[PDB]
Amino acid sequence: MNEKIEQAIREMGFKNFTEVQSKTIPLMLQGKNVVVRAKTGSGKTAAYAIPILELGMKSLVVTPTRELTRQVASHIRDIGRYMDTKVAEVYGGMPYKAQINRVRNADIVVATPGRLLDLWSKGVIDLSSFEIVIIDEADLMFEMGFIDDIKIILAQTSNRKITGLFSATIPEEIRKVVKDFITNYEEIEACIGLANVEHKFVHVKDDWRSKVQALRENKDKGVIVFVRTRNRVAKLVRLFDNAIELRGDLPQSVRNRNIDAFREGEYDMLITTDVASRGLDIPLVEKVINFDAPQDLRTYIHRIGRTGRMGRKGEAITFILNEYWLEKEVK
């Protein structure tokens, strides 16, 4: 709301806030830690840059690459053009002297993890001085082999009051880090995934027989079917001879083997509960069937996230008994 920031974004062509921005900004301004599931182009940069500039607290933004470090730093300087703040960039390959001069008296530091820790080790950077810490594209950093750096950074930034982690996906390793380092955080997600899928809703008469019958009408191969409980998965798989199941009590080796059979085309359907498929690598498919409607929109989005093979549009079919709220919200 600072007039200097509002004027700057208006000059940059601001018209409306993106979904990620609308949800994230208010929460960070309230001092809440956030874990945001968002991809490039979602407007995530301004989502954390606005709060950083508005609060005026010394901040650190950790980025995976030199390119992103430069783009983020530039965007922050642009939005904060009238805030008289010093934004410094830190990344590999930069001449040492220039690097030192930039970090000197910086209010906001955007940096790749490796170089940041090197400067920290040499005593050039005081990680305990940062009150806001942002981890941007945590999943990419994990895949690049930087997860231990992220752990050290979060452990050493001992005075951080607001911590935000942005990532398109949340692998188990990242989930662990968030739990051990980010205190009572707000989980934020965009509903963009809804646009890449055709949503179909089938109204059924009851919670079992009519659902079994509706599923028998399925003509497609390589479909994932989500069910509410382990008991229902067990009973459903016993009614279809072209289905393999995933249950929470099956060791991960058995589940991975069942997924392999599905991938090999040995079964037309993979029947699972949300718990049983969580954190497992499953091939992207074209269609998902919600035999049982999910309990909330977030779960719906996560399930339909299983579609989109080869970047194509997906299809989701949900059997609706009395969960009319889902149809309404999705539409």
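When you see a residue number, it is the position in the sequence shown, counting from 1.
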According to the deposited model, is the average Cα temperature factor higher in 306-314 or in 20-28?
-> 306-314
Once average C-alpha B-factors are taken from the entry for 279-287 and 53-61, the winner is 279-287
From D149, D136, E189, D241, the top C-alpha temperature factor is at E189
Tell me which of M94, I108, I224, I162 tops the list for C-alpha B factor in the record.
-> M94
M1 CA temperature factor, ranked by third within the chain = highest
Which third of the chain holds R102 when residues are ordered by C-alpha B factor: lowest, middle or highest?
-> highest
Taking the chain's C-alpha temperature factors as the reference, tell me which third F201 falls into: lowest, middle or highest.
-> highest
By the record's CA B-factor, is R247 among the lowest, middle or highest third of residues in the chain?
-> middle
Among all modelled residues of this chain, ranked by Cα B factor, put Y185 in the bottom, middle or top third, i.e. lowest, middle or highest.
-> highest
